[PDB]
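Heads up: the sequence lines are chains A, B and C, in that order.
FYI, in the deposited numbering the residues of the first sequence are 944 to 992.
FYI, in the deposited numbering the residues of the second sequence are 499 to 547.
FYI, in the deposited numbering the residues of the third sequence are 350 to 399.
The beta carbon of each residue, even a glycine, is placed where N, CA and C say it ideally should be.
Below is one structure; the comments refer to it alone.
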Amino acid sequence: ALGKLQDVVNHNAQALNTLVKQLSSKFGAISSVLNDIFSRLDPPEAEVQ
Amino acid sequence: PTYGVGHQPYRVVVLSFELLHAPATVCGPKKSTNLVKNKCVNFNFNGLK
Amino acid sequence: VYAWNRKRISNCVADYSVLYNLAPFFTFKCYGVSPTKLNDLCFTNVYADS
Numbered sequence: 944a945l946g947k948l949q950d951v952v953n954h955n956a957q958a959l960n961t962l963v964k965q966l967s968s969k970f971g972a973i974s975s976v977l978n979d980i981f982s983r984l985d986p987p988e989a990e991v992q
Numbered sequence: 499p500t501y502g503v504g505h506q507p508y509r510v511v512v513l514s515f516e517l518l519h520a521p522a523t524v525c526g527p528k529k530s531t532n533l534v535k536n537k538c539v540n541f542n543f544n545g546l547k
Numbered sequence: 350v351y352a353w354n355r356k357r358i359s360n361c362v363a364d365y366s367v368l369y370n371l372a373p374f375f376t377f378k379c380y381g382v383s384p385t386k387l388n389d390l391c392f393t394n395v396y397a398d399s
């Protein structure tokens, strides 16, 4: 019965679940953790990654 | 021992690292400190900063 | 060449600063993490070939 109200709640929840999961997606880099890149790389080349 | 350096013997040693989520066995010469729990501080456990 | 050795080292402290004071190694092209920032880095399994 109350389906139109759960629609806007599930959409905002799904929007925040897909946004938080994009942090685990390597956008062509060596990894997804920033601290791992900054530590295991020299400053000049770490900028590109 | 007559040619220039284009064909001279070159001793090559390649070190293949893994760097994955596993119990680390080969660390570096970095020392250790005392563990402080109830404080927001900078931690570095086996490279994970 | 075709019989390249592989001596896997494990459970030991690796100080890569010793390799700098050795014979001139003008091929230290670390296709990987970092040539310099390497001592402060723990590894799991390192396979050294020759």
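Taking DSSP as the reference, what is the three-state secondary structure of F981 (chain A)?
On the first sequence, residue 981 (chain A) is found 38 positions in, with the first residue counted as 1. For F981 (chain A), the secondary structure class from DSSP, reduced to helix, strand or coil, is helix.
DSSP three-state assignment for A958 (chain A), whether helix, strand or coil:
Numbered from 1 along the first sequence, position 15 holds the residue referred to as residue 958 (chain A). Assigned with DSSP and collapsed to three states, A958 (chain A) falls in helix.
Over what stretch of residues does the alpha helix (DSSP H) that includes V991 (chain A) continue unbroken?
Counting from 1 along the first sequence, the entry for residue 991 (chain A) is found at position 48. Counting along the chain, the unbroken alpha helix (DSSP H) around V991 (chain A) starts and ends at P986 to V991.
For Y396 (chain C), three-class secondary structure by DSSP
Within the third sequence, numbered from 1, the residue matching residue 396 (chain C) stands at position 47. Strand.
Compare the Cα-Cα distances from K378 (chain C) to each of B:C525, B:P499, B:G504 and B:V512 and report the closest residue.
On the third sequence, residue 378 (chain C) is found 29 positions in, with the first residue counted as 1. Of the listed residues, the one whose Cα sits closest to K378 (chain C) is B:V512.
Give the range of the beta strand (DSSP E) segment to which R355 (chain C) is assigned.
Against the third sequence, residue 355 (chain C) aligns to sequence position 6. Bounds of the beta strand (DSSP E) holding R355 (chain C) are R355 to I358.
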